[PDB]
Amino acid sequence: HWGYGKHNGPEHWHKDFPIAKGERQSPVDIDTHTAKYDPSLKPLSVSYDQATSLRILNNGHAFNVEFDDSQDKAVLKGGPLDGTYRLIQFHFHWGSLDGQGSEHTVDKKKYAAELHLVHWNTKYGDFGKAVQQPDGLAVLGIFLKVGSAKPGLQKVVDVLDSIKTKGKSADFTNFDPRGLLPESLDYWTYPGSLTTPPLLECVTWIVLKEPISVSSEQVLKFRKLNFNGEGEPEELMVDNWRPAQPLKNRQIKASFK
Ligand SMILES: Oc1cccccc1=S
Ligand SMILES: [Zn+2]
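Residues numbered from 1 in each chain as written, not as in the entry; some residues may be left out. Chains lettered and ligands numbered in written order. Heavy atoms only, no water.

Student: So what exactly am I meant to see when it comes to the site of ligand 1 here?
Tutor: Around ligand 1 sit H91, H93, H116, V118, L194, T195, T196 and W205, and that is every residue in its neighbourhood. Between ligand 1 and the protein, one listed contact pairs an oxygen atom with a side-chain N or O atom of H91 at 3.0 Å. Here an oxygen atom of ligand 1 and a side-chain polar atom of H93 are 3.5 Å apart. Here ligand 1 has 270 Å² of accessible area as a free molecule, and 91% of this is covered by the chains. Among the secondary structure elements, those contributing two or more residues to the shell around ligand 1 are β7 (84–94) and β9 (113–121). The residue makeup of the shell around ligand 1, split by class, is 3 nonpolar, 5 polar and no charged. (Near = heavy atom within 4 Å. Polar contact = N/O pair within 3.5 Å; in protein donor to acceptor, adjacent residues only side chain to side chain. Areas by Shrake-Rupley, 256 points an atom, 1.4 Å probe, with all protein chains shown as cover. Helix = DSSP H or I, 4+ residues; strand = E, 2+ residues; numbered from the N terminus. Nonpolar A, V, L, I, M, F, W, Y, C, P; charged D, E, K, R; others polar.)

Structural data, given as structure tokens:
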């Protein structure tokens with residue numbers, strides 16, 4: 001099955017998931033000089049005051065922090081979006097080394113990691129139906145650089161010990177994803193896809209310009225996770241990023257001059 005190795009990594013995904021070579025794949029390189037300012041874009045509205053986290057899961061490719069998405073809490077709207085999109089989960093993609101790990105790049109620069117807050121369009125009723133639609137998802141993407149620690153990340157870091165291996169989950173309540181957001185909501189946006197199989201073309205990407213800083217110690221703990229299950233040869237969960245894909249017939253819009 002797919003993964004991030006020599007024999008099952010991103011260059012192989014197209015055999016099981018032919019949309020890998022589709023017209024709106026992600027990630028992409030954001031060429032900052034080509035991305036045009038769009039003064040019609042609205043400020044992004046991130047309303048996370050009532051977010052209810054449930055659980056954290058090692059799914060064998062990343063860890064997901066999952067939310068209660070059964071009520072109208074934790075919503076993204078405005079920006080490029082029509083309507084309201086509900087937070088279901090966040091996860092990260094990260095490197096074996098500080099010099100790589102992000103999926104989007106900015107003028108070819110790779111950050112150490114990238115946070116994806118995944119939201120589904122409420123008009124489609126749930127996540128499963130939303131991923132069948134070209135406007136089903138909105139992913140807020142946030143870069144991570146290594147420097148100062150992010151205090152609001154530490155609760156996540158500390159639970160990772162308990163989900164080392166594929167299939168492990170742990171209760172994870174009362175986590176506030178507002179502590180993972182930079183000051184500015186200035187963003188780039190374009191139409192794309194999930195960055196993991198099934199690579200569905202449902203996503204309005206909203207990539208924040210301003211990175212967050214995390215410490216070396218915090219990212220080191222991400223790199224202690226395992227892609228394997230308990231009782232299997234250890235393969236560290238590192239370099240779970242898809243590289244940049246062809247832009248094809250797309251424009252990247254900037255919310256800011
Ligand atoms: O990596 C992903 C996994 C699953 C669902 C939605 C979005 C992304 S980027
Ligand atoms: Zn992702």
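So, next bit.
Student: In this structure, what is going on with the pattern of salt bridges? I would like to understand it.
Tutor: Across all of its chains, the model carries 8 salt bridges by this definition. Between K248 and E23 there is a salt bridge whose closest N-O contact spans 3.9 Å. Taken together, the residues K248 in the loop between α4 (216–222) and β15 (253–254) and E23 in the loop between α1 (13–16) and β1 (29–30) connect sequence positions 225 residues apart. Looking at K248, the relative accessible area reads 39%, which means it is partly exposed. A salt bridge links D98 to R223; its shortest N-O distance comes to 2.9 Å. Here the residue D98 occupies a position in the loop between β7 and β8 (105–106), and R223 occupies one in the loop between α4 and β15, the gap between them amounting to 125 residues. For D98, a relative accessible area of 37% translates into the label partly exposed. (Salt bridge = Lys/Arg side-chain N within 4 Å of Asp/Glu carboxyl O. Buried < 20%, exposed > 50% of the residue type's maximum accessible area, 1.4 Å probe, protein only.)

Student: Quick question: what am I supposed to make of the nonpolar core here?
Tutor: The tendency in soluble globular proteins is for nonpolar side chains to be buried side by side. Core analysis: the biggest nonpolar cluster contains 49 residues, and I56, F63, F90 and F222 have the highest contact counts within it. Within the residue set of this core, elements represented by two or more residues are β5 (63–67), β7, β9, β10 (137–146), α3 (154–159), β13 (203–208), β14 (212–214) and α4. At 5 residues, the largest contribution of residues to this core is made by β7. Core analysis: the second largest hydrophobic core is formed by 24 residues, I88, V106, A130 and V131 among them. (Core = buried A, V, L, I, M, F, W, Y, C linked by side-chain atoms within 4.5 Å.)

Student: How should I be thinking about unusual backbone geometry in this particular structure?
Tutor: Looking along the chain, the bond that leaves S26 and enters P27 is cis, with omega of 0°. For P27, the location among the structural elements is in the loop between α1 and β1. Omega for the peptide link from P197 to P198 comes to 10°, which places this bond in the cis form. Mapped onto the secondary structure, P198 falls in the loop between β12 (187–192) and β13.

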